[PDB]
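Shown below: model29.pdb, with PDB, C-alpha atoms.
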```pdb
ATOM      1  CA  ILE C   1       1.644  10.809  23.689  1.00  0.00           C
ATOM      2  CA  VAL C   2       1.426  13.075  26.733  1.00  0.00           C
ATOM      3  CA  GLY C   3       3.579  16.200  26.831  1.00  0.00           C
ATOM      4  CA  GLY C   4       5.227  15.381  23.515  1.00  0.00           C
ATOM      5  CA  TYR C   5       5.392  17.456  20.338  1.00  0.00           C
ATOM      6  CA  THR C   6       4.427  17.299  16.678  1.00  0.00           C
ATOM      7  CA  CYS C   7       7.015  15.093  14.971  1.00  0.00           C
ATOM      8  CA  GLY C   8       6.582  16.764  11.609  1.00  0.00           C
ATOM      9  CA  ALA C   9       5.254  15.116   8.430  1.00  0.00           C
ATOM     10  CA  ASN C  10       6.864  11.683   7.951  1.00  0.00           C
ATOM     11  CA  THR C  11       9.903  12.388  10.151  1.00  0.00           C
ATOM     12  CA  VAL C  12       9.384   8.862  11.550  1.00  0.00           C
ATOM     13  CA  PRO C  13       9.070   6.808   8.301  1.00  0.00           C
ATOM     14  CA  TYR C  14       8.927   3.481  10.168  1.00  0.00           C
ATOM     15  CA  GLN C  15       5.901   4.537  12.243  1.00  0.00           C
ATOM     16  CA  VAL C  16       2.663   2.909  11.091  1.00  0.00           C
ATOM     17  CA  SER C  17      -0.997   3.051  12.147  1.00  0.00           C
ATOM     18  CA  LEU C  18      -3.095  -0.094  12.637  1.00  0.00           C
ATOM     19  CA  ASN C  19      -6.604   0.571  11.376  1.00  0.00           C
ATOM     20  CA  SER C  20      -9.978  -1.086  11.945  1.00  0.00           C
ATOM     21  CA  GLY C  21     -12.174   1.629  10.456  1.00  0.00           C
ATOM     22  CA  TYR C  22     -10.208   3.808  12.839  1.00  0.00           C
ATOM     23  CA  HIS C  23      -6.704   4.068  14.290  1.00  0.00           C
ATOM     24  CA  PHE C  24      -6.355   1.756  17.283  1.00  0.00           C
ATOM     25  CA  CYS C  25      -2.609   1.100  17.562  1.00  0.00           C
ATOM     26  CA  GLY C  26       0.857   2.050  16.392  1.00  0.00           C
ATOM     27  CA  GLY C  27       3.524  -0.104  14.789  1.00  0.00           C
ATOM     28  CA  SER C  28       7.008  -0.274  13.317  1.00  0.00           C
ATOM     29  CA  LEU C  29       8.052  -1.257   9.802  1.00  0.00           C
ATOM     30  CA  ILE C  30      11.032  -3.635   9.981  1.00  0.00           C
ATOM     31  CA  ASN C  31      11.165  -4.591   6.292  1.00  0.00           C
ATOM     32  CA  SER C  32       9.042  -4.069   3.171  1.00  0.00           C
ATOM     33  CA  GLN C  33       6.547  -6.697   4.311  1.00  0.00           C
ATOM     34  CA  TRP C  34       6.641  -6.853   8.123  1.00  0.00           C
ATOM     35  CA  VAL C  35       5.499  -4.735  11.050  1.00  0.00           C
ATOM     36  CA  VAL C  36       6.313  -5.134  14.721  1.00  0.00           C
ATOM     37  CA  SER C  37       3.623  -4.165  17.211  1.00  0.00           C
ATOM     38  CA  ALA C  38       2.184  -5.148  20.599  1.00  0.00           C
ATOM     39  CA  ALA C  39       0.397  -8.470  21.046  1.00  0.00           C
ATOM     40  CA  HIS C  40      -2.380  -6.513  22.761  1.00  0.00           C
ATOM     41  CA  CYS C  41      -2.949  -4.741  19.426  1.00  0.00           C
ATOM     42  CA  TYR C  42      -4.226  -7.952  17.885  1.00  0.00           C
ATOM     43  CA  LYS C  43      -7.520  -8.257  16.021  1.00  0.00           C
ATOM     44  CA  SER C  44      -8.586  -9.785  12.713  1.00  0.00           C
ATOM     45  CA  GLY C  45      -8.681  -7.796   9.487  1.00  0.00           C
ATOM     46  CA  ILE C  46      -6.207  -5.060  10.435  1.00  0.00           C
ATOM     47  CA  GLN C  47      -5.356  -2.504   7.742  1.00  0.00           C
ATOM     48  CA  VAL C  48      -1.816  -1.140   8.013  1.00  0.00           C
ATOM     49  CA  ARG C  49      -1.391   2.519   7.042  1.00  0.00           C
ATOM     50  CA  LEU C  50       2.129   3.650   6.108  1.00  0.00           C
ATOM     51  CA  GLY C  51       3.422   7.147   5.380  1.00  0.00           C
ATOM     52  CA  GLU C  52       0.837   8.715   7.681  1.00  0.00           C
ATOM     53  CA  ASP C  53       1.096  11.981   9.603  1.00  0.00           C
ATOM     54  CA  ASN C  54      -2.427  13.329   9.917  1.00  0.00           C
ATOM     55  CA  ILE C  55      -4.346  10.076  10.330  1.00  0.00           C
ATOM     56  CA  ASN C  56      -7.614  11.971   9.928  1.00  0.00           C
ATOM     57  CA  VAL C  57      -6.695  13.276   6.483  1.00  0.00           C
ATOM     58  CA  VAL C  58      -5.495  11.537   3.318  1.00  0.00           C
ATOM     59  CA  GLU C  59      -2.428  13.580   2.463  1.00  0.00           C
ATOM     60  CA  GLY C  60      -1.365  11.611  -0.611  1.00  0.00           C
ATOM     61  CA  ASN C  61       1.800   9.911   0.641  1.00  0.00           C
ATOM     62  CA  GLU C  62       0.064   7.030   2.495  1.00  0.00           C
ATOM     63  CA  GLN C  63      -0.008   3.358   1.570  1.00  0.00           C
ATOM     64  CA  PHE C  64      -2.860   1.320   3.020  1.00  0.00           C
ATOM     65  CA  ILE C  65      -1.995  -2.360   3.078  1.00  0.00           C
ATOM     66  CA  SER C  66      -4.128  -5.048   4.681  1.00  0.00           C
ATOM     67  CA  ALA C  67      -2.339  -7.323   7.118  1.00  0.00           C
ATOM     68  CA  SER C  68      -2.304 -10.875   5.739  1.00  0.00           C
ATOM     69  CA  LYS C  69      -1.609 -12.254   9.203  1.00  0.00           C
ATOM     70  CA  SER C  70      -1.069 -10.897  12.712  1.00  0.00           C
ATOM     71  CA  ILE C  71       1.118 -13.219  14.798  1.00  0.00           C
ATOM     72  CA  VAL C  72       1.171 -12.530  18.542  1.00  0.00           C
ATOM     73  CA  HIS C  73       4.099 -13.942  20.531  1.00  0.00           C
ATOM     74  CA  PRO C  74       3.267 -17.558  21.585  1.00  0.00           C
ATOM     75  CA  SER C  75       4.022 -16.704  25.226  1.00  0.00           C
ATOM     76  CA  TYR C  76       1.955 -13.500  25.411  1.00  0.00           C
ATOM     77  CA  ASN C  77       0.306 -12.982  28.824  1.00  0.00           C
ATOM     78  CA  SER C  78      -2.897 -10.929  28.418  1.00  0.00           C
ATOM     79  CA  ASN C  79      -3.070 -10.100  32.137  1.00  0.00           C
ATOM     80  CA  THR C  80       0.481  -8.843  32.796  1.00  0.00           C
ATOM     81  CA  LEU C  81       1.314  -8.099  29.146  1.00  0.00           C
ATOM     82  CA  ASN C  82       4.500 -10.156  29.472  1.00  0.00           C
ATOM     83  CA  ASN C  83       5.715 -10.913  25.905  1.00  0.00           C
ATOM     84  CA  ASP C  84       3.692  -8.023  24.505  1.00  0.00           C
ATOM     85  CA  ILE C  85       4.895  -8.215  20.904  1.00  0.00           C
ATOM     86  CA  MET C  86       3.256  -9.073  17.570  1.00  0.00           C
ATOM     87  CA  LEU C  87       4.393  -9.477  13.961  1.00  0.00           C
ATOM     88  CA  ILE C  88       2.118  -8.358  11.146  1.00  0.00           C
ATOM     89  CA  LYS C  89       2.804  -9.546   7.606  1.00  0.00           C
ATOM     90  CA  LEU C  90       1.595  -7.276   4.792  1.00  0.00           C
ATOM     91  CA  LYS C  91      -0.710  -8.691   2.108  1.00  0.00           C
ATOM     92  CA  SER C  92       1.808  -7.036  -0.242  1.00  0.00           C
ATOM     93  CA  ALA C  93       5.232  -5.371   0.030  1.00  0.00           C
ATOM     94  CA  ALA C  94       5.153  -1.662   0.785  1.00  0.00           C
ATOM     95  CA  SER C  95       6.935   0.696  -1.578  1.00  0.00           C
ATOM     96  CA  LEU C  96       9.780   1.966   0.600  1.00  0.00           C
ATOM     97  CA  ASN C  97      10.784   5.642   0.272  1.00  0.00           C
ATOM     98  CA  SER C  98      11.629   8.753   2.326  1.00  0.00           C
ATOM     99  CA  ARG C  99       8.184   8.680   3.960  1.00  0.00           C
ATOM    100  CA  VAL C 100       7.937   4.894   4.241  1.00  0.00           C
ATOM    101  CA  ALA C 101      11.027   3.160   5.621  1.00  0.00           C
ATOM    102  CA  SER C 102      11.839   0.340   8.027  1.00  0.00           C
ATOM    103  CA  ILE C 103      13.687   0.546  11.344  1.00  0.00           C
ATOM    104  CA  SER C 104      16.529  -1.772  12.326  1.00  0.00           C
ATOM    105  CA  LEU C 105      16.048  -4.332  15.086  1.00  0.00           C
ATOM    106  CA  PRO C 106      18.659  -4.271  17.901  1.00  0.00           C
ATOM    107  CA  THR C 107      21.535  -6.762  18.238  1.00  0.00           C
ATOM    108  CA  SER C 108      21.901  -5.871  21.905  1.00  0.00           C
ATOM    109  CA  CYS C 109      19.714  -4.251  24.575  1.00  0.00           C
ATOM    110  CA  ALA C 110      19.888  -0.542  25.416  1.00  0.00           C
ATOM    111  CA  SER C 111      21.559   0.823  28.552  1.00  0.00           C
ATOM    112  CA  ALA C 112      19.801   2.910  31.209  1.00  0.00           C
ATOM    113  CA  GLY C 113      20.031   6.566  30.239  1.00  0.00           C
ATOM    114  CA  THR C 114      19.832   5.838  26.524  1.00  0.00           C
ATOM    115  CA  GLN C 115      17.483   8.529  25.218  1.00  0.00           C
ATOM    116  CA  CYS C 116      14.837   7.263  22.837  1.00  0.00           C
ATOM    117  CA  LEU C 117      12.155   8.419  20.457  1.00  0.00           C
ATOM    118  CA  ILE C 118       8.612   7.317  21.283  1.00  0.00           C
ATOM    119  CA  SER C 119       5.808   8.259  18.912  1.00  0.00           C
ATOM    120  CA  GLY C 120       2.120   7.752  18.246  1.00  0.00           C
ATOM    121  CA  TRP C 121      -1.386   9.146  17.817  1.00  0.00           C
ATOM    122  CA  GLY C 122      -2.482   8.174  21.305  1.00  0.00           C
ATOM    123  CA  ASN C 123      -4.192  10.191  24.036  1.00  0.00           C
ATOM    124  CA  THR C 124      -2.391  13.512  24.633  1.00  0.00           C
ATOM    125  CA  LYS C 125      -3.770  14.125  28.120  1.00  0.00           C
ATOM    126  CA  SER C 126      -2.901  12.514  31.463  1.00  0.00           C
ATOM    127  CA  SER C 127      -6.462  13.047  32.630  1.00  0.00           C
ATOM    128  CA  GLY C 128      -9.337  12.442  30.267  1.00  0.00           C
ATOM    129  CA  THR C 129      -8.623  12.010  26.561  1.00  0.00           C
ATOM    130  CA  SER C 130      -7.811  14.054  23.451  1.00  0.00           C
ATOM    131  CA  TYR C 131      -6.437  12.526  20.262  1.00  0.00           C
ATOM    132  CA  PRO C 132      -4.205  14.366  17.777  1.00  0.00           C
ATOM    133  CA  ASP C 133      -4.379  14.390  13.975  1.00  0.00           C
ATOM    134  CA  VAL C 134      -0.641  14.364  13.361  1.00  0.00           C
ATOM    135  CA  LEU C 135       1.976  12.051  14.806  1.00  0.00           C
ATOM    136  CA  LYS C 136       3.360  13.111  18.186  1.00  0.00           C
ATOM    137  CA  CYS C 137       6.926  12.536  19.380  1.00  0.00           C
ATOM    138  CA  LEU C 138       8.734  12.277  22.704  1.00  0.00           C
ATOM    139  CA  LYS C 139      12.412  11.941  23.583  1.00  0.00           C
ATOM    140  CA  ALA C 140      12.484   9.794  26.692  1.00  0.00           C
ATOM    141  CA  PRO C 141      15.442   8.038  28.334  1.00  0.00           C
ATOM    142  CA  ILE C 142      15.450   4.392  29.404  1.00  0.00           C
ATOM    143  CA  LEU C 143      15.071   4.117  33.182  1.00  0.00           C
ATOM    144  CA  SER C 144      17.583   2.256  35.354  1.00  0.00           C
ATOM    145  CA  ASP C 145      16.603  -1.257  36.424  1.00  0.00           C
ATOM    146  CA  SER C 146      16.043  -0.264  40.059  1.00  0.00           C
ATOM    147  CA  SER C 147      13.905   2.820  39.343  1.00  0.00           C
ATOM    148  CA  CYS C 148      11.827   0.733  36.933  1.00  0.00           C
ATOM    149  CA  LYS C 149      11.239  -2.016  39.501  1.00  0.00           C
ATOM    150  CA  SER C 150      10.344   0.557  42.196  1.00  0.00           C
ATOM    151  CA  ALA C 151       7.619   2.165  40.085  1.00  0.00           C
ATOM    152  CA  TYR C 152       5.937  -1.174  39.319  1.00  0.00           C
ATOM    153  CA  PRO C 153       6.853  -3.401  42.296  1.00  0.00           C
ATOM    154  CA  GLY C 154       7.115  -6.984  41.047  1.00  0.00           C
ATOM    155  CA  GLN C 155       5.403  -6.098  37.765  1.00  0.00           C
ATOM    156  CA  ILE C 156       8.535  -5.704  35.657  1.00  0.00           C
ATOM    157  CA  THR C 157       9.672  -8.881  33.882  1.00  0.00           C
ATOM    158  CA  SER C 158      12.981  -9.254  32.029  1.00  0.00           C
ATOM    159  CA  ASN C 159      10.993  -8.695  28.799  1.00  0.00           C
ATOM    160  CA  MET C 160      10.128  -5.177  29.897  1.00  0.00           C
ATOM    161  CA  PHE C 161      11.883  -1.889  30.538  1.00  0.00           C
ATOM    162  CA  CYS C 162      10.751   1.526  31.724  1.00  0.00           C
ATOM    163  CA  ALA C 163      11.320   4.754  29.866  1.00  0.00           C
ATOM    164  CA  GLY C 164      10.088   8.247  30.540  1.00  0.00           C
ATOM    165  CA  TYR C 165      10.075  10.649  33.449  1.00  0.00           C
ATOM    166  CA  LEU C 166       9.419   9.546  37.018  1.00  0.00           C
ATOM    167  CA  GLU C 167       8.331  13.084  37.819  1.00  0.00           C
ATOM    168  CA  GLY C 168       5.619  12.511  35.228  1.00  0.00           C
ATOM    169  CA  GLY C 169       4.251  15.057  32.784  1.00  0.00           C
ATOM    170  CA  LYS C 170       5.769  13.345  29.727  1.00  0.00           C
ATOM    171  CA  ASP C 171       4.740   9.849  28.687  1.00  0.00           C
ATOM    172  CA  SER C 172       3.047   7.636  26.102  1.00  0.00           C
ATOM    173  CA  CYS C 173      -0.615   6.757  26.599  1.00  0.00           C
ATOM    174  CA  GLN C 174      -3.533   4.707  25.243  1.00  0.00           C
ATOM    175  CA  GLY C 175      -3.546   4.987  21.452  1.00  0.00           C
ATOM    176  CA  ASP C 176       0.237   4.715  21.305  1.00  0.00           C
ATOM    177  CA  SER C 177      -0.104   0.924  21.787  1.00  0.00           C
ATOM    178  CA  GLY C 178       2.334  -1.096  19.691  1.00  0.00           C
ATOM    179  CA  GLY C 179       4.171   2.060  18.670  1.00  0.00           C
ATOM    180  CA  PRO C 180       7.980   2.379  18.458  1.00  0.00           C
ATOM    181  CA  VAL C 181      10.650   3.237  21.034  1.00  0.00           C
ATOM    182  CA  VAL C 182      13.694   3.906  18.871  1.00  0.00           C
ATOM    183  CA  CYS C 183      17.102   4.429  20.459  1.00  0.00           C
ATOM    184  CA  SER C 184      20.112   5.201  18.269  1.00  0.00           C
ATOM    185  CA  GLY C 185      18.316   3.923  15.178  1.00  0.00           C
ATOM    186  CA  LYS C 186      17.258   0.660  16.816  1.00  0.00           C
ATOM    187  CA  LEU C 187      13.765  -0.421  17.801  1.00  0.00           C
ATOM    188  CA  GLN C 188      14.432  -1.354  21.434  1.00  0.00           C
ATOM    189  CA  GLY C 189      10.846  -1.214  22.677  1.00  0.00           C
ATOM    190  CA  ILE C 190       7.115  -1.384  21.979  1.00  0.00           C
ATOM    191  CA  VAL C 191       4.445   0.746  23.698  1.00  0.00           C
ATOM    192  CA  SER C 192       2.998  -1.836  26.083  1.00  0.00           C
ATOM    193  CA  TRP C 193       1.445  -0.627  29.360  1.00  0.00           C
ATOM    194  CA  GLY C 194       1.568   1.618  32.415  1.00  0.00           C
ATOM    195  CA  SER C 195      -0.406   2.943  35.385  1.00  0.00           C
ATOM    196  CA  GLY C 196      -2.366   5.887  34.036  1.00  0.00           C
ATOM    197  CA  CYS C 197      -0.404   8.220  31.753  1.00  0.00           C
ATOM    198  CA  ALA C 198       2.278  10.746  32.666  1.00  0.00           C
ATOM    199  CA  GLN C 199       1.827  10.100  36.380  1.00  0.00           C
ATOM    200  CA  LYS C 200       4.704  10.674  38.798  1.00  0.00           C
ATOM    201  CA  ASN C 201       6.629   7.442  39.416  1.00  0.00           C
ATOM    202  CA  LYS C 202       4.519   5.670  36.785  1.00  0.00           C
ATOM    203  CA  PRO C 203       6.515   5.785  33.496  1.00  0.00           C
ATOM    204  CA  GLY C 204       5.762   3.808  30.357  1.00  0.00           C
ATOM    205  CA  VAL C 205       6.603   0.101  30.450  1.00  0.00           C
ATOM    206  CA  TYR C 206       7.890  -1.202  27.132  1.00  0.00           C
ATOM    207  CA  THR C 207       8.466  -4.580  25.523  1.00  0.00           C
ATOM    208  CA  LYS C 208      12.199  -5.365  25.451  1.00  0.00           C
ATOM    209  CA  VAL C 209      12.604  -6.041  21.721  1.00  0.00           C
ATOM    210  CA  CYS C 210      16.233  -7.153  22.020  1.00  0.00           C
ATOM    211  CA  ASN C 211      14.858 -10.244  23.772  1.00  0.00           C
ATOM    212  CA  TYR C 212      12.677 -11.180  20.773  1.00  0.00           C
ATOM    213  CA  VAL C 213      15.049 -10.682  17.833  1.00  0.00           C
ATOM    214  CA  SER C 214      15.603 -14.418  17.292  1.00  0.00           C
ATOM    215  CA  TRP C 215      11.869 -15.113  17.507  1.00  0.00           C
ATOM    216  CA  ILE C 216      11.078 -12.297  15.085  1.00  0.00           C
ATOM    217  CA  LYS C 217      13.667 -13.572  12.611  1.00  0.00           C
ATOM    218  CA  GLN C 218      12.442 -17.139  13.020  1.00  0.00           C
ATOM    219  CA  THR C 219       8.789 -16.134  12.551  1.00  0.00           C
ATOM    220  CA  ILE C 220       9.443 -13.891   9.550  1.00  0.00           C
ATOM    221  CA  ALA C 221      11.573 -16.574   7.902  1.00  0.00           C
ATOM    222  CA  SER C 222       9.018 -19.367   8.285  1.00  0.00           C
ATOM    223  CA  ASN C 223       6.122 -17.155   7.176  1.00  0.00           C
TER     224      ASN C 223
END
```

For the file at hand, write its structure as structure tokens.
Amino acid sequence: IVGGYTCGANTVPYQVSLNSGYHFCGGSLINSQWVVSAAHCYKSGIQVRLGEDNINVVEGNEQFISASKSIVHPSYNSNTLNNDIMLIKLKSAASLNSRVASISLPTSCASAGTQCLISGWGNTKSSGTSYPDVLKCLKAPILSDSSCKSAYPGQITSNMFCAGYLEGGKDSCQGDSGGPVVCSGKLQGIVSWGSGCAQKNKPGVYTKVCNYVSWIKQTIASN
């Protein structure tokens, strides 16, 4: 997260870290046994870490649960990142509490201007790279359709939306992958892609979760 701020220990209970001997992506807890992330965050043997703040230090409130299966959307396009969503089922149900809680899926898409909360342990610099210990936050508004399409000419599909600041300086970055974009208590987006990080006219492009609610429900139910 570029230009964000320390969220504060477990102030984003639904935020999770995908681990492969190291943090490589973010994720959102949607129920005691399922996590929503980006399809580009796929890999075998992922270990989900819940209740994390300082990913470099075991603080005592974490729950490490191996993913029993990571299901990428059937229509995921690796080149464009169209349909960049993935469901991860936990080998076992997480113990939900004040530091480990799920986020509600949307029942309708968010309007331009809707301010959201984006979080993650990604790269904190727009040039080069520096990773934080604790979870970083960022309040960013959803960008209008036209401004989104102008920034990424012909690269924005209906399963994507922009959010951030066109003047740059504040944005998500590599490491935030799969992380949440919560607006009014609803997970409306997933950290997907973008041109650089925090560049002017190059805001974060996020997976439009509202478009995948039926798929998510259908996948969770038959798994």

Running the PyMOL selection byres ((chain C and resi 86-88) around 7) on this model by hand, what would come out? Give it as a PDB file with C-alpha atoms, in the coordinates of the input.
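Contents of result37.pdb, as written:
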```
ATOM      1  CA  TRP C  34       6.641  -6.853   8.123  1.00  0.00           C
ATOM      2  CA  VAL C  35       5.499  -4.735  11.050  1.00  0.00           C
ATOM      3  CA  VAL C  36       6.313  -5.134  14.721  1.00  0.00           C
ATOM      4  CA  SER C  37       3.623  -4.165  17.211  1.00  0.00           C
ATOM      5  CA  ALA C  38       2.184  -5.148  20.599  1.00  0.00           C
ATOM      6  CA  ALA C  39       0.397  -8.470  21.046  1.00  0.00           C
ATOM      7  CA  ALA C  67      -2.339  -7.323   7.118  1.00  0.00           C
ATOM      8  CA  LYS C  69      -1.609 -12.254   9.203  1.00  0.00           C
ATOM      9  CA  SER C  70      -1.069 -10.897  12.712  1.00  0.00           C
ATOM     10  CA  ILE C  71       1.118 -13.219  14.798  1.00  0.00           C
ATOM     11  CA  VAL C  72       1.171 -12.530  18.542  1.00  0.00           C
ATOM     12  CA  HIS C  73       4.099 -13.942  20.531  1.00  0.00           C
ATOM     13  CA  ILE C  85       4.895  -8.215  20.904  1.00  0.00           C
ATOM     14  CA  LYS C  89       2.804  -9.546   7.606  1.00  0.00           C
ATOM     15  CA  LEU C  90       1.595  -7.276   4.792  1.00  0.00           C
TER      16      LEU C  90
END
```

Task: Residue with smallest distance to residue 134 in chain C - pool C:56, C:92, C:42, C:108, counting all atoms listed in the file - done: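 For residue 134 in chain C, the nearest of the given residues is C:56.
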
- [ ] Excluding range 203-219 of chain C and residues on its chain fewer than 2 positions from it, collect all residues at most 6 Å away from it, counting all atoms listed in the file, and give them as a ChimeraX atom specification.
- [x] /C:84,106,108-109,159-164,166,188-194,221-222

- [ ] Please identify all polymer residues within 7 Å of residue 48 in chain C, counting only C-alpha atoms, omitting same-chain residues fewer than 6 positions from it, and present them as a list in words.
- [x] residues 16, 17, 18, 19, 64, 65, 66 and 67 of chain C

Task: One-decimal distance in Å that lies between CA of residue 140 in chain C and CA of residue 127 in chain C - done: 20.1 Å

TODO: Report the distance between CA of residue 55 in chain C and CA of residue 12 in chain C in Å, rounded to one decimal place.
DONE: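 Answer for the CA of residue 55 in chain C to CA of residue 12 in chain C separation: 13.8 Å.
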
Task: Hits from the PyMOL selection byres ((chain C and resi 117) around 6), listed as a ChimeraX atom specification - done: /C:116,118,138-139,181-182

Open item on the list: Translate the PyMOL selection byres ((chain C and resi 103) around 8) into a concrete residue list for this structure, as a list in words.
Closed with: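 With the PyMOL selection byres ((chain C and resi 103) around 8) on this model, the match is residues 14, 28, 29, 30, 31, 101, 102, 104, 105, 185, 186 and 187 of chain C.
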
TODO: Please work out which residues fall within 9 Å of (0.0, 11.1, 38.9), coordinates as given in the file, with all atoms listed in the file counting, and return them as a list in words.
DONE: residues 126, 167, 168, 169, 195, 196, 197, 198, 199, 200, 201 and 202 of chain C

Just-selected residues, C-alpha atoms written as a short mmCIF file (atom, residue, chain, number, x, y, z; two decimals), keeping the file's coordinate frame:
```
data_model
loop_
_atom_site.label_atom_id
_atom_site.label_comp_id
_atom_site.auth_asym_id
_atom_site.auth_seq_id
_atom_site.Cartn_x
_atom_site.Cartn_y
_atom_site.Cartn_z
CA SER C 126 -2.90 12.51 31.46
CA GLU C 167 8.33 13.08 37.82
CA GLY C 168 5.62 12.51 35.23
CA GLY C 169 4.25 15.06 32.78
CA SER C 195 -0.41 2.94 35.38
CA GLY C 196 -2.37 5.89 34.04
CA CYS C 197 -0.40 8.22 31.75
CA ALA C 198 2.28 10.75 32.67
CA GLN C 199 1.83 10.10 36.38
CA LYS C 200 4.70 10.67 38.80
CA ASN C 201 6.63 7.44 39.42
CA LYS C 202 4.52 5.67 36.78
#
```

As an mmCIF file with C-alpha atoms, in the frame of the given file, please: the residues near residue 57 in chain C (cut-off 10 Å, only C-alpha atoms, same-chain neighbours under 3 positions excluded).
```cif
data_model
loop_
_atom_site.group_PDB
_atom_site.id
_atom_site.type_symbol
_atom_site.label_atom_id
_atom_site.label_comp_id
_atom_site.auth_asym_id
_atom_site.auth_seq_id
_atom_site.Cartn_x
_atom_site.Cartn_y
_atom_site.Cartn_z
ATOM 1 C CA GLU C 52 0.837 8.715 7.681
ATOM 2 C CA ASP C 53 1.096 11.981 9.603
ATOM 3 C CA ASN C 54 -2.427 13.329 9.917
ATOM 4 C CA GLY C 60 -1.365 11.611 -0.611
ATOM 5 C CA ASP C 133 -4.379 14.390 13.975
ATOM 6 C CA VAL C 134 -0.641 14.364 13.361
#
```

Open item on the list: If I take CA of residue 178 in chain C and CA of residue 223 in chain C, how far is one from the other in Å, to one decimal?
Closed with: 20.7 Å

TODO: Around the point (7.1, 13.7, 22.4) in the file's coordinates, collect all residues with an atom within 10 Å, using all atoms listed in the file, and return them as a VMD selection string.
DONE: chain C and resid 1 to 7 117 to 120 124 135 to 140 170 to 172

Keeping only C-alpha atoms, write those residues as an mmCIF file, in the coordinates of the input.
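What follows is the written file selection_21.cif:
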```cif
data_model
loop_
_atom_site.group_PDB
_atom_site.id
_atom_site.type_symbol
_atom_site.label_atom_id
_atom_site.label_comp_id
_atom_site.auth_asym_id
_atom_site.auth_seq_id
_atom_site.Cartn_x
_atom_site.Cartn_y
_atom_site.Cartn_z
ATOM 1 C CA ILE C 1 1.644 10.809 23.689
ATOM 2 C CA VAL C 2 1.426 13.075 26.733
ATOM 3 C CA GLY C 3 3.579 16.200 26.831
ATOM 4 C CA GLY C 4 5.227 15.381 23.515
ATOM 5 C CA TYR C 5 5.392 17.456 20.338
ATOM 6 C CA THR C 6 4.427 17.299 16.678
ATOM 7 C CA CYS C 7 7.015 15.093 14.971
ATOM 8 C CA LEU C 117 12.155 8.419 20.457
ATOM 9 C CA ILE C 118 8.612 7.317 21.283
ATOM 10 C CA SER C 119 5.808 8.259 18.912
ATOM 11 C CA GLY C 120 2.120 7.752 18.246
ATOM 12 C CA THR C 124 -2.391 13.512 24.633
ATOM 13 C CA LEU C 135 1.976 12.051 14.806
ATOM 14 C CA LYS C 136 3.360 13.111 18.186
ATOM 15 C CA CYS C 137 6.926 12.536 19.380
ATOM 16 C CA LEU C 138 8.734 12.277 22.704
ATOM 17 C CA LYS C 139 12.412 11.941 23.583
ATOM 18 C CA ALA C 140 12.484 9.794 26.692
ATOM 19 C CA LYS C 170 5.769 13.345 29.727
ATOM 20 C CA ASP C 171 4.740 9.849 28.687
ATOM 21 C CA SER C 172 3.047 7.636 26.102
#
```

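Proximity to residue 93 in chain C was assessed for C:123, C:47, C:32, C:79 counting all atoms listed in the file; the smallest distance is recorded for C:32.
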
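Minimum distance to residue 131 in chain C across C:41, C:183, C:173, C:220 (counting only C-alpha atoms) occurs at C:173.
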